[PDB]
């Protein structure tokens, strides 16, 4: 479970870059942008590649409740293989890039200014997590 606190929050122009490996027997992993360090904190972005159901879901969470799910085209991950993801913050929302192409655009639901933490967890082998 990787954690990067963002005490001063994030602005348009923030780039989260994640490099890692999906274990041979992965079912799913996630990348969350949370609004606090405490369990149950709202999620501005929840990014959830699911190898077991061959999807990638996007969602937010407010007052403990999940919002409407968005999904991207199939699943640009595959068990046993390295990956690289960028999550890019803009004024409009977050851009998710996998490999060499933008994968999904997730329009802001919560104010970007609320974001205070990055969590990466689940069946993922993490090589590096860098915030630029």
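Superpose the two forms; the largest set of C-alphas matching within 1.5 Å is the rigid core. Numbering follows the first chain given and starts at 1.
> Rigid core superposed, root mean square over structures and residues, which stretch has C-alphas farther from this form in 6 other deposited structures of this protein, 4 to 12 or 123 to 131?
When 4 to 12 and 123 to 131 are compared in 6 other deposited structures of this protein, the bigger C-alpha shift is seen for 4 to 12.
> Which of 72 to 80 and 103 to 111 lies farther, on average, from the shown form in 6 other deposited structures of this protein once the rigid core is superposed (C-alpha RMS)?
After the core superposition, the stretch with higher RMS deviation in 6 other deposited structures of this protein is 72 to 80.
> Averaging C-alpha B-factors over each stretch, which comes out higher, 56 to 64 or 69 to 77?
Between 69 to 77 and 56 to 64, it is 69 to 77 that shows the higher mean C-alpha B-factor.
> For the stretches 43 to 51 and 24 to 32, which has the higher mean C-alpha B-factor as given in the deposited record?
The stretch with the larger average C-alpha B-factor is 24 to 32.
> Maximum C-alpha temperature factor per the entry, among 124, 117, 110, 16, belongs to which one?
Of the candidates given, the C-alpha B-factor peaks at 124.
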